[PDB]
Amino acid sequence: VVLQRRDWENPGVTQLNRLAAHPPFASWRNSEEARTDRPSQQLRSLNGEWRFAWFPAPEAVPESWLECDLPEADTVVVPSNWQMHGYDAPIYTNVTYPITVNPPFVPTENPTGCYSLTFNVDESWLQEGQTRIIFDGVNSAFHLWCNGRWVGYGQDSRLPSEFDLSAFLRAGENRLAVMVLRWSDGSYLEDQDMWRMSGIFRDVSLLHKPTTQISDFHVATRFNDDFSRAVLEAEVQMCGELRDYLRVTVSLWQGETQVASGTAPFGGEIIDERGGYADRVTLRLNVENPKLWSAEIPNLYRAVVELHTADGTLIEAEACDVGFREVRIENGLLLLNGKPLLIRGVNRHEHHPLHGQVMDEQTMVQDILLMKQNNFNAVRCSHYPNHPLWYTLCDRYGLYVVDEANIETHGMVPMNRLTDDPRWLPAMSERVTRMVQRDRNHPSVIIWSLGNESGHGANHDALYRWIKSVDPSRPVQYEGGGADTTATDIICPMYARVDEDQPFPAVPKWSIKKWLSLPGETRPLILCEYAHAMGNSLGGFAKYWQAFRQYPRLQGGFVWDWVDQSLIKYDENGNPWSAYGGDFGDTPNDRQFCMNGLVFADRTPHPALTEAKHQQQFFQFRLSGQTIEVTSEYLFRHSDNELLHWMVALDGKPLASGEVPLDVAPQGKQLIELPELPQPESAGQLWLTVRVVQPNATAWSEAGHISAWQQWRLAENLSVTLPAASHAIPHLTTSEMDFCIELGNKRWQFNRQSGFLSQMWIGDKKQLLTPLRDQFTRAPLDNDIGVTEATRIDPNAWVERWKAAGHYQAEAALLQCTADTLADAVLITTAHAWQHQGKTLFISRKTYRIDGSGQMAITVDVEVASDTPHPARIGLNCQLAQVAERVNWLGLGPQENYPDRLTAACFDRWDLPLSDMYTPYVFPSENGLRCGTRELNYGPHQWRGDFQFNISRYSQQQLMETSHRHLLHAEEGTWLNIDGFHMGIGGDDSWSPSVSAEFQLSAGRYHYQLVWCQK
Amino acid sequence: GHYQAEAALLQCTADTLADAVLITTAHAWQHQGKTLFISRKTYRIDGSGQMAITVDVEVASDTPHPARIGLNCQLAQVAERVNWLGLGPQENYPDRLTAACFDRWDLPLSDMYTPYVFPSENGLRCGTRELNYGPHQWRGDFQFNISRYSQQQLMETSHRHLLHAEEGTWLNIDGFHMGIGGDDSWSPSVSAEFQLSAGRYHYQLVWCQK
Ligand SMILES: O=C1O[C@H](CO)[C@H](O)[C@H](O)[C@H]1O
Ligand SMILES: [Mg+2]
Ligand SMILES: [Mg+2]
Ligand code: NA
Ligand code: NA
Ligand code: NA
Ligand code: NA
Ligand code: NA
């Protein structure tokens, strides 16, 4: 029957014998346990070692497995993904389905995981009531047997499937057998851009309920105009025999204080001509001055739902955390508790580099803490309902949640092929309805989403209306079909740019500012995905935040995304390394496109995270004279855990500092008058840095946590005093092949054939391993590459434009190399042309002026052909012989920063170990640049000017040729890149050019100057 | 003190090269002990009669962004025509140059002055790579105006009819010039991207005989 009916190739069958969905249950038999959320004796975990065997197809599974353990089986941890145990390969594909597109059919070779468990059941559980099993997540479909007898079937990898085992169990030992299919008709609705895995990857549990039971409950909170009064309404449903003596009590608790209670027998109000629900009752509780829930202050109450008899005997209790909040859209604005939200959001997949798609409490907490510490207040469940614990943590720590149905059909042509087809409405409906049934009581969930990237079909319209009808308390959004369809309350585009239109046919991505005011349009706009954080990215992040702050109806967005989907593999030395698409023999695959996170898989931050934190600050600052104006962007809380530290420094040297308590009302302002600052002794630039510090620890932060900062230039005193003239004069030695300059034990050598500084000596010690030469290219970032591939060139990608123009192949031709002796210096003058196939790309004209103090002043003037693609950089590079421990600079830092991602960086004196000047992006690229640098120190060297630089043990060539960070090898000495100018990194998306015009090197003529001397 | 600032000499040296003489200068402009601008130049005069002028200017970050960064002189020559390769033919400024076209333009000198009834800076042409006037040629990438009226006279005269042609010709050649604005005329209206706020500025000119 099971193999005959092939339920996994039939979208008409999404389950067999599966129980109705409902909010989290524990069946407490003690009301105080329910109140305190203590573990329930009626809810048992089957998260232990199970038996597991892999088969290539369900037809290969022997019948004997139903009755007894396979001796070839292994003992494995559950929950798990079986790919993470090495039984078969995980597959990384983005859009293209991992199976032939032939709905509803799947491959005949369909990896089948056979799970079994021998376990004990207490006799008390079988003497009365109902024993069910709950599988929180099985990917992607499964049949269940208990003691050899078939129980049921379930689909949807991301919601719990529950089955009644009451009739199947015996006291003492029982055996479960679970046949999990990798592919099913369910796979057509699970085409998310992520690793394709399978197995029993979320909790398995047993729940005991009495025969007469709470079968469902819904909690609603409604408010008066100023939120000083609320009514809690709790609808409770029962299963079992109705009796007149049955009662429901709902009580509400604020900590240990019961603030409200109501009791009633079953029997709802009249609904229609046939009466009402005899098996339901609704309790209404009045609450005066409720403490309101928000991300800012996650005030929670406890609601306890008791099923009991009239004489006071408890049958069972259920419970939930209640957050008093109202979500509504009014006059085009998303309001929470009557105030307009600014969504500092991020998309977050459930990913662990070791455990795959199994989520654990410690990782969830780690994520939430890091999110809140970096000024996020919102999370989108891209693109499926999450592990149930996630919502509990968001309720308690305070994050706004978009809960999203497990529906993505991206690889269909056209995208809405299934979603517009009524045959697929049943399968889709369950993915929406069962999510709402599970999660509707969580205050953290503020918005429902219909799924992701499935075009716009009539099924979306049907299900949009279903949610609006069943749960008016939350807006419904959905991006498919152009982000502004009839199936969305919120304009929710993905990667729509701030100012630039992308007028794609049928589904344009308008400038977000333009989108708001299109004729007839009135809705709020919140990007479901923006600022694609793939590799060296988040260029232009500040442009979004400026627009969000200026435009009331631009209420923010969700960054794509939180964490790199890299997986751990092991090399010959047993060393773990970070792997992406194709590294498991998976083909076709989309390579590094699974790594788009603000953090690495182990939760180490990428440099981009600090840019996000800074731009998402909750305090805004202005300076006028001596006065700092602090504005609060909080809607609800006062700044009751904040002080402002200020510091004034002269080119990194502290001059004065102080602290002032912050006492700002939500949306309020505070004026802070700085004391008279003593005029600086020396020439240079005064910089003011302020930071907001939280003195006290919180649930989400340590004492001393810095939440916000800003810098301003104050007075500058330009240096007019001429340095004391040196009593030494450098000497020029002219040969046919070289111009040499000597000064004491120091020597500089200019090769007359090449026109470059080929060597420098301090004594007999060589300083260079490679000559100092111009550089106009960078090892391409993920943003420079886009979707280009050797077998499928995208001619529009920056890297392909540079390659085709010959930028990477360009050869320096010497035009001029002269030497002159001045009164106090030797002057070398050079000119080079870079050419490719008869075309002059760049001309570089330099002077080198070496004086008696041993300083070498370098002037560089570059011409760039107007018709060549704008170059990635205009700078110099060389391989230094020195390997030193520290890097010390006066400039923007301390973290990696680029021209379109430097707002977070501060100007000061920074000193880091050399290894911190390299950013270990899993896919290697140009990295570690620091901008706006006036002084750089490394070993015996000092460079002064106004430049950008990176410094590391890796050449641009190696970074360019190496596809994985673990394969990199430190080269001899230290590669230094000093740029007069560097192109933006972009990132609005990572599949098309995204570097804004103002960060492109398009000026045609460029000037910069450096001084190279001894520290 | 921008209008009051006096040039203070910091450095003036001369060097003989293989095929050239190199004059190096540095000046500071100060007002009441405050240094507003520093200008560092080299003048390279070669055997072909060309004088290459390299200018590097520092602007104190806390002084209001200056109206222009350039050079001026009063030429002895009064010539009939002005010939330039750059944006024209009409007056154009950095935030008002979209209508102008890059080409070879040739106008009478009088057309290089715009007779605004209330006199001011006027007649600039931007994006100019070559300027010709009598025996003189200037090459680079600059903005310029050229007329018989000094900036001082234009500043001091309230009506165009009271202007008098001065001896010779006043040339203003700018590496950089501030936007003119105009969103309104009663509050600052020059957009940030047209303010001279970069702190350090570089430009180069070659002066020769045509
Ligand atoms: O449009 C999208 O962009 C992302 C690219 O990394 C990712 O595929 C998301 O799941 C998808 O919604
Ligand atoms: Mg099916
Ligand atoms: Mg997709
Ligand atoms: Na806004
Ligand atoms: Na991706
Ligand atoms: Na405070
Ligand atoms: Na690479
Ligand atoms: Na005037």
# chains A, B, ... in the order shown; residues from 1 in each chain; ligands from 1
call {"tool": "interface_residues", "arguments": {"of": "chain A", "to": "chain B", "cutoff": "9 Å", "atoms": "only C-alpha atoms", "output": "MDAnalysis selection string"}}
result
chainID A and resid 685 713:722 819:823 1007:1008
call {"tool": "residues_near_ligand", "arguments": {"ligand": "ligand 3", "cutoff": "6 Å", "atoms": "only C-alpha atoms and all ligand atoms", "output": "list in words"}}
result
residues 95, 192, 193, 410 and 453 of chain A
call {"tool": "select_by_dssp", "arguments": {"residues": "stretch 36-239 of chain A", "states": "strand (DSSP E)", "output": "compact mmCIF listing (two decimals) with N, CA and C atoms, in the first residue's frame"}}
result
# COMPACT_ATOMS: atom_id res chain seq x y z
N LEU A 43 5.40 15.97 28.96
CA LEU A 43 6.12 16.24 27.72
C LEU A 43 7.54 15.69 27.80
N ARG A 44 7.77 14.59 27.09
CA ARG A 44 9.05 13.88 27.12
C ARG A 44 9.82 14.10 25.83
N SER A 45 11.13 14.27 25.94
CA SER A 45 12.00 14.41 24.78
C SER A 45 12.49 13.06 24.27
N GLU A 49 20.02 9.07 21.07
CA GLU A 49 20.58 8.32 19.95
C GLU A 49 19.52 7.38 19.39
N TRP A 50 19.34 7.43 18.07
CA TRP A 50 18.44 6.56 17.34
C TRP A 50 19.28 5.62 16.47
N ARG A 51 18.62 4.63 15.88
CA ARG A 51 19.26 3.78 14.88
C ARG A 51 18.94 4.33 13.50
N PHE A 52 19.93 4.30 12.61
CA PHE A 52 19.80 4.88 11.28
C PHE A 52 20.46 4.04 10.20
N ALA A 53 19.76 3.86 9.09
CA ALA A 53 20.31 3.22 7.90
C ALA A 53 19.90 4.00 6.66
N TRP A 54 20.84 4.15 5.72
CA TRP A 54 20.61 4.88 4.48
C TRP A 54 20.31 3.91 3.34
N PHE A 55 19.33 4.27 2.51
CA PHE A 55 18.99 3.50 1.31
C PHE A 55 18.83 4.43 0.11
N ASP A 74 23.45 2.23 12.03
CA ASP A 74 24.35 2.90 12.95
C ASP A 74 23.55 3.59 14.05
N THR A 75 24.20 3.84 15.18
CA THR A 75 23.61 4.59 16.27
C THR A 75 24.04 6.04 16.09
N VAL A 76 23.06 6.92 15.88
CA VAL A 76 23.33 8.33 15.57
C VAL A 76 22.50 9.30 16.42
N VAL A 77 23.03 10.51 16.58
CA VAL A 77 22.35 11.59 17.29
C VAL A 77 21.14 12.04 16.47
N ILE A 91 23.59 19.46 -0.99
CA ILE A 91 23.65 20.10 -2.30
C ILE A 91 23.37 21.59 -2.15
N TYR A 92 24.28 22.43 -2.64
CA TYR A 92 23.98 23.86 -2.66
C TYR A 92 23.61 24.37 -4.05
N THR A 93 22.32 24.59 -4.25
CA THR A 93 21.82 25.21 -5.47
C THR A 93 20.90 26.38 -5.07
N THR A 112 16.76 7.63 1.04
CA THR A 112 15.79 7.31 2.08
C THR A 112 16.51 7.04 3.38
N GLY A 113 16.13 7.79 4.41
CA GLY A 113 16.71 7.62 5.74
C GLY A 113 15.78 6.80 6.60
N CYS A 114 16.27 5.66 7.08
CA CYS A 114 15.48 4.79 7.93
C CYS A 114 15.89 4.98 9.38
N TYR A 115 15.05 5.70 10.13
CA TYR A 115 15.30 5.95 11.54
C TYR A 115 14.45 5.03 12.39
N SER A 116 15.02 4.55 13.49
CA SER A 116 14.24 3.78 14.45
C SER A 116 14.70 4.02 15.88
N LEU A 117 13.79 3.84 16.83
CA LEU A 117 14.09 4.02 18.24
C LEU A 117 13.31 3.02 19.08
N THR A 118 14.03 2.33 19.95
CA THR A 118 13.43 1.48 20.97
C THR A 118 13.41 2.29 22.26
N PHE A 119 12.22 2.47 22.84
CA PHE A 119 12.04 3.37 23.97
C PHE A 119 10.99 2.83 24.94
N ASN A 120 10.98 3.37 26.15
CA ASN A 120 10.03 2.94 27.17
C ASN A 120 8.89 3.93 27.40
N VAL A 121 7.69 3.41 27.66
CA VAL A 121 6.53 4.22 28.02
C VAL A 121 5.99 3.78 29.39
N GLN A 130 -4.37 10.31 26.19
CA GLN A 130 -3.89 10.21 24.82
C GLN A 130 -2.39 10.47 24.77
N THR A 131 -1.65 9.56 24.14
CA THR A 131 -0.20 9.72 23.95
C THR A 131 0.08 10.00 22.48
N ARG A 132 0.62 11.17 22.19
CA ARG A 132 0.96 11.52 20.81
C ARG A 132 2.46 11.67 20.65
N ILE A 133 2.94 11.49 19.42
CA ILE A 133 4.31 11.80 19.08
C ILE A 133 4.35 13.05 18.20
N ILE A 134 5.36 13.88 18.42
CA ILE A 134 5.50 15.15 17.75
C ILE A 134 6.88 15.20 17.09
N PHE A 135 6.89 15.32 15.77
CA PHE A 135 8.12 15.54 15.02
C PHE A 135 8.12 17.00 14.59
N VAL A 138 10.84 17.26 9.87
CA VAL A 138 11.34 16.11 9.09
C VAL A 138 11.39 16.54 7.63
N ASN A 139 12.56 16.35 7.02
CA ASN A 139 12.84 16.90 5.70
C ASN A 139 13.08 15.74 4.72
N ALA A 141 9.64 14.46 3.66
CA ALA A 141 8.39 13.70 3.86
C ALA A 141 8.72 12.41 4.59
N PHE A 142 7.73 11.83 5.27
CA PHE A 142 7.96 10.60 6.02
C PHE A 142 6.72 9.78 6.30
N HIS A 143 6.92 8.47 6.36
CA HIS A 143 5.94 7.53 6.87
C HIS A 143 6.37 7.11 8.27
N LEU A 144 5.38 6.84 9.13
CA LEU A 144 5.64 6.43 10.51
C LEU A 144 4.98 5.09 10.84
N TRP A 145 5.75 4.20 11.48
CA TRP A 145 5.24 2.94 12.04
C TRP A 145 5.56 2.87 13.53
N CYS A 146 4.67 2.24 14.30
CA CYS A 146 4.90 2.02 15.73
C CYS A 146 4.60 0.57 16.06
N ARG A 149 3.34 -1.46 13.10
CA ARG A 149 2.06 -1.06 12.51
C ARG A 149 2.11 0.37 11.97
N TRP A 150 1.63 0.56 10.74
CA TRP A 150 1.65 1.87 10.10
C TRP A 150 0.74 2.88 10.81
N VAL A 151 1.28 4.06 11.09
CA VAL A 151 0.57 5.11 11.82
C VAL A 151 0.12 6.24 10.89
N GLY A 152 1.04 6.75 10.08
CA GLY A 152 0.74 7.91 9.26
C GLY A 152 1.87 8.44 8.40
N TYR A 153 1.63 9.63 7.84
CA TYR A 153 2.48 10.26 6.84
C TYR A 153 2.42 11.79 7.01
N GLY A 154 3.49 12.48 6.66
CA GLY A 154 3.52 13.94 6.77
C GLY A 154 4.49 14.63 5.83
N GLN A 155 4.11 15.84 5.39
CA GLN A 155 4.96 16.70 4.57
C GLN A 155 5.06 18.10 5.21
N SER A 161 4.72 17.68 12.76
CA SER A 161 3.72 16.68 12.39
C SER A 161 3.45 15.81 13.61
N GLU A 162 2.18 15.72 13.99
CA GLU A 162 1.79 15.05 15.23
C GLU A 162 0.84 13.88 14.96
N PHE A 163 1.07 12.76 15.63
CA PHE A 163 0.29 11.54 15.42
C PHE A 163 -0.10 10.91 16.75
N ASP A 164 -1.33 10.41 16.83
CA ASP A 164 -1.84 9.74 18.02
C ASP A 164 -1.35 8.29 18.08
N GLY A 172 6.27 -0.47 28.86
CA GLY A 172 7.64 -0.93 28.67
C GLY A 172 8.15 -0.54 27.29
N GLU A 173 8.77 -1.50 26.60
CA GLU A 173 9.50 -1.22 25.35
C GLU A 173 8.63 -1.18 24.09
N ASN A 174 8.86 -0.15 23.29
CA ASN A 174 8.21 0.03 21.99
C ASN A 174 9.26 0.36 20.95
N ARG A 175 8.95 0.16 19.67
CA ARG A 175 9.86 0.57 18.60
C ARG A 175 9.18 1.46 17.57
N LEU A 176 9.74 2.64 17.34
CA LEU A 176 9.29 3.51 16.26
C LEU A 176 10.14 3.23 15.03
N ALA A 177 9.52 3.27 13.86
CA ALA A 177 10.25 3.20 12.60
C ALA A 177 9.81 4.37 11.72
N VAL A 178 10.78 5.16 11.25
CA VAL A 178 10.48 6.37 10.49
C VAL A 178 11.24 6.32 9.17
N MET A 179 10.50 6.30 8.07
CA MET A 179 11.10 6.30 6.75
C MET A 179 11.01 7.71 6.17
N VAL A 180 12.16 8.38 6.11
CA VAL A 180 12.23 9.76 5.67
C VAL A 180 12.72 9.81 4.22
N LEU A 181 11.94 10.46 3.36
CA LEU A 181 12.31 10.61 1.96
C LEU A 181 12.94 11.97 1.73
N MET A 194 19.56 27.74 -0.34
CA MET A 194 20.22 27.20 0.84
C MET A 194 20.62 25.76 0.56
N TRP A 195 21.44 25.19 1.44
CA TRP A 195 21.80 23.78 1.35
C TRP A 195 20.55 22.90 1.36
N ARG A 196 20.56 21.90 0.49
CA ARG A 196 19.47 20.95 0.39
C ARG A 196 19.88 19.72 1.19
N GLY A 199 16.32 14.65 6.67
CA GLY A 199 16.36 13.89 7.90
C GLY A 199 15.44 14.43 8.98
N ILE A 200 15.54 13.82 10.17
CA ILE A 200 14.80 14.26 11.34
C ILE A 200 15.66 15.30 12.05
N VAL A 204 12.06 15.56 18.52
CA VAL A 204 11.01 14.56 18.56
C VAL A 204 10.59 14.48 20.01
N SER A 205 9.28 14.44 20.25
CA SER A 205 8.78 14.41 21.62
C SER A 205 7.50 13.60 21.73
N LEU A 206 7.17 13.21 22.96
CA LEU A 206 5.92 12.54 23.27
C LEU A 206 5.13 13.41 24.22
N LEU A 207 3.86 13.64 23.89
CA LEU A 207 3.00 14.46 24.72
C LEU A 207 1.82 13.64 25.21
N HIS A 208 1.59 13.67 26.52
CA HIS A 208 0.41 13.01 27.07
C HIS A 208 -0.66 14.05 27.40
N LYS A 209 -1.84 13.84 26.85
CA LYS A 209 -2.98 14.73 27.10
C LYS A 209 -4.12 13.90 27.67
N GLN A 213 -9.67 17.42 26.94
CA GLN A 213 -8.45 18.22 26.79
C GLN A 213 -8.70 19.60 26.19
N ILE A 214 -7.83 20.54 26.50
CA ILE A 214 -7.69 21.78 25.74
C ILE A 214 -7.05 21.40 24.40
N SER A 215 -7.78 21.64 23.31
CA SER A 215 -7.31 21.27 21.97
C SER A 215 -6.78 22.46 21.17
N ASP A 216 -7.11 23.68 21.62
CA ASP A 216 -6.63 24.91 20.99
C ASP A 216 -6.95 26.08 21.90
N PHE A 217 -6.12 27.12 21.85
CA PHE A 217 -6.47 28.39 22.48
C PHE A 217 -5.84 29.57 21.74
N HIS A 218 -6.59 30.67 21.64
CA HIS A 218 -6.12 31.88 20.96
C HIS A 218 -6.20 33.06 21.91
N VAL A 219 -5.12 33.83 21.97
CA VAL A 219 -5.06 35.00 22.84
C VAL A 219 -4.98 36.26 21.99
N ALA A 220 -5.88 37.19 22.27
CA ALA A 220 -5.92 38.48 21.61
C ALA A 220 -5.88 39.57 22.67
N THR A 221 -5.25 40.70 22.34
CA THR A 221 -5.24 41.86 23.22
C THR A 221 -5.66 43.10 22.43
N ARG A 222 -6.74 43.75 22.88
CA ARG A 222 -7.25 44.97 22.26
C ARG A 222 -7.12 46.13 23.23
N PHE A 223 -6.94 47.34 22.71
CA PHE A 223 -6.62 48.50 23.54
C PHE A 223 -7.52 49.70 23.28
N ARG A 229 -5.84 51.13 28.87
CA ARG A 229 -6.74 50.02 29.17
C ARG A 229 -6.64 48.96 28.08
N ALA A 230 -6.70 47.69 28.47
CA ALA A 230 -6.71 46.60 27.52
C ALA A 230 -7.73 45.54 27.89
N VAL A 231 -8.19 44.80 26.88
CA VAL A 231 -9.01 43.63 27.10
C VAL A 231 -8.27 42.43 26.52
N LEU A 232 -7.99 41.46 27.37
CA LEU A 232 -7.47 40.18 26.91
C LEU A 232 -8.64 39.25 26.63
N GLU A 233 -8.67 38.73 25.42
CA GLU A 233 -9.70 37.80 25.00
C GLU A 233 -9.04 36.47 24.66
N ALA A 234 -9.49 35.41 25.34
CA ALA A 234 -8.93 34.07 25.14
C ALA A 234 -10.00 33.08 24.69
N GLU A 235 -9.93 32.66 23.43
CA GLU A 235 -10.82 31.61 22.94
C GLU A 235 -10.20 30.25 23.23
N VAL A 236 -10.95 29.39 23.91
CA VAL A 236 -10.47 28.07 24.26
C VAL A 236 -11.37 27.00 23.66
N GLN A 237 -10.75 26.00 23.05
CA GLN A 237 -11.48 24.90 22.42
C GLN A 237 -11.13 23.60 23.14
N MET A 238 -12.11 22.69 23.23
CA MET A 238 -11.89 21.39 23.87
C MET A 238 -12.18 20.23 22.92
N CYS A 239 -11.56 19.09 23.22
CA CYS A 239 -11.92 17.80 22.63
C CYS A 239 -12.25 16.84 23.77
call {"tool": "residues_near_ligand", "arguments": {"ligand": "ligand 8", "cutoff": "8 Å", "atoms": "only C-alpha atoms and all ligand atoms", "output": "PyMOL selection string"}}
result
chain B and resi 118-120+153-159
call {"tool": "residues_near_ligand", "arguments": {"ligand": "ligand 7", "cutoff": "9 Å", "atoms": "only C-alpha atoms and all ligand atoms", "output": "list in words"}}
result
residues 779, 780, 781, 782, 922, 923, 924, 925, 926, 957, 958, 959, 960, 961, 962, 963, 964 and 965 of chain A
call {"tool": "write_last_selection", "arguments": {"atoms": "N, CA and C atoms", "output": "CSV table (one decimal), in the first residue's frame"}}
result
chain,number,residue,atom,x,y,z
A,779,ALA,N,42.0,42.1,-6.6
A,779,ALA,CA,41.5,40.7,-6.6
A,779,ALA,C,40.0,40.9,-6.4
A,780,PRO,N,39.2,40.4,-7.4
A,780,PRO,CA,37.8,40.8,-7.5
A,780,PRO,C,36.9,40.3,-6.3
A,781,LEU,N,36.1,41.3,-5.8
A,781,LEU,CA,35.2,41.0,-4.7
A,781,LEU,C,34.0,40.2,-5.3
A,782,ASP,N,33.2,39.6,-4.4
A,782,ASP,CA,32.0,38.9,-4.9
A,782,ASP,C,31.1,39.8,-5.6
A,922,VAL,N,35.8,33.8,3.3
A,922,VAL,CA,35.9,32.4,2.9
A,922,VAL,C,36.3,32.3,1.4
A,923,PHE,N,35.6,33.1,0.6
A,923,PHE,CA,36.1,33.3,-0.8
A,923,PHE,C,37.0,34.5,-0.8
A,924,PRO,N,38.3,34.3,-1.0
A,924,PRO,CA,39.3,35.4,-0.9
A,924,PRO,C,39.1,36.5,-2.0
A,925,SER,N,39.4,37.7,-1.6
A,925,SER,CA,39.3,38.9,-2.5
A,925,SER,C,40.1,40.0,-1.9
A,926,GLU,N,40.2,41.1,-2.6
A,926,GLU,CA,40.7,42.3,-2.0
A,926,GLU,C,40.0,42.5,-0.7
A,957,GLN,N,47.5,38.8,-6.5
A,957,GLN,CA,47.5,37.7,-7.4
A,957,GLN,C,47.0,36.4,-6.7
A,958,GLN,N,47.6,36.1,-5.6
A,958,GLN,CA,47.2,34.9,-4.8
A,958,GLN,C,45.7,34.9,-4.4
A,959,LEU,N,45.3,36.0,-3.9
A,959,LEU,CA,43.9,36.2,-3.5
A,959,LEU,C,42.9,35.9,-4.7
A,960,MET,N,43.3,36.4,-5.8
A,960,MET,CA,42.6,36.3,-7.1
A,960,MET,C,42.6,34.8,-7.6
A,961,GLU,N,43.7,34.1,-7.4
A,961,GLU,CA,43.8,32.7,-7.9
A,961,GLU,C,43.3,31.6,-6.9
A,962,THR,N,43.1,32.0,-5.7
A,962,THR,CA,42.7,31.1,-4.6
A,962,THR,C,41.3,31.2,-4.3
A,963,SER,N,40.5,30.0,-4.4
A,963,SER,CA,39.1,30.1,-4.3
A,963,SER,C,38.6,29.8,-2.8
A,964,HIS,N,39.5,29.4,-1.9
A,964,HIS,CA,39.1,29.1,-0.5
A,964,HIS,C,40.2,29.7,0.4
A,965,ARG,N,39.8,30.3,1.5
A,965,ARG,CA,40.8,30.9,2.4
A,965,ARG,C,41.8,29.9,3.0
call {"tool": "residues_near_ligand", "arguments": {"ligand": "ligand 1", "cutoff": "8 Å", "atoms": "only C-alpha atoms and all ligand atoms", "output": "PDB file with C-alpha atoms, in the first residue's frame"}}
result
ATOM      1  CA  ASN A  94      20.173  28.655  -5.543  1.00  0.00           C
ATOM      2  CA  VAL A  95      17.304  28.806  -8.054  1.00  0.00           C
ATOM      3  CA  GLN A 192      14.942  28.178  -0.909  1.00  0.00           C
ATOM      4  CA  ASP A 193      18.458  29.384  -1.745  1.00  0.00           C
ATOM      5  CA  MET A 194      20.218  27.198   0.840  1.00  0.00           C
ATOM      6  CA  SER A 382      13.719  33.405   5.692  1.00  0.00           C
ATOM      7  CA  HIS A 383      11.952  31.412   4.374  1.00  0.00           C
ATOM      8  CA  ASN A 452       9.221  33.757  -0.844  1.00  0.00           C
ATOM      9  CA  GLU A 453       9.949  33.895  -4.583  1.00  0.00           C
ATOM     10  CA  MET A 494      14.080  42.870  -2.386  1.00  0.00           C
ATOM     11  CA  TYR A 495      17.230  44.840  -3.354  1.00  0.00           C
ATOM     12  CA  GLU A 529      15.791  41.906   1.677  1.00  0.00           C
ATOM     13  CA  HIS A 532      23.379  41.888   0.196  1.00  0.00           C
ATOM     14  CA  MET A 534      28.185  38.706   0.377  1.00  0.00           C
ATOM     15  CA  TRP A 560      20.393  39.744   3.576  1.00  0.00           C
ATOM     16  CA  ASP A 561      21.582  38.071   5.660  1.00  0.00           C
ATOM     17  CA  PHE A 593      26.517  32.230  -3.228  1.00  0.00           C
ATOM     18  CA  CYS A 594      25.399  30.497   0.014  1.00  0.00           C
ATOM     19  CA  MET A 595      27.707  32.842   1.961  1.00  0.00           C
ATOM     20  CA  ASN A 596      25.928  36.210   2.307  1.00  0.00           C
ATOM     21  CA  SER A 990      25.742  40.811  -5.702  1.00  0.00           C
TER      22      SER A 990
END
call {"tool": "decode", "arguments": {"residues": "stretch 146-150 of chain A", "atoms": "N, CA, C and O atoms", "output": "short mmCIF file (atom, residue, chain, number, x, y, z; two decimals), in the first residue's frame"}}
result
data_model
loop_
_atom_site.label_atom_id
_atom_site.label_comp_id
_atom_site.auth_asym_id
_atom_site.auth_seq_id
_atom_site.Cartn_x
_atom_site.Cartn_y
_atom_site.Cartn_z
N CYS A 146 4.67 2.24 14.30
CA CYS A 146 4.90 2.02 15.73
C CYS A 146 4.60 0.57 16.06
O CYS A 146 3.50 0.08 15.81
N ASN A 147 5.61 -0.11 16.61
CA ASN A 147 5.56 -1.56 16.87
C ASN A 147 5.14 -2.36 15.63
O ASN A 147 4.34 -3.30 15.72
N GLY A 148 5.70 -1.98 14.48
CA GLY A 148 5.45 -2.66 13.21
C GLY A 148 4.19 -2.26 12.46
O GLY A 148 3.98 -2.68 11.32
N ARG A 149 3.34 -1.46 13.10
CA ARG A 149 2.06 -1.06 12.51
C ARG A 149 2.11 0.37 11.97
O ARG A 149 2.56 1.27 12.66
N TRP A 150 1.63 0.56 10.74
CA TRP A 150 1.65 1.87 10.10
C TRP A 150 0.74 2.88 10.81
O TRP A 150 -0.43 2.59 11.08
#
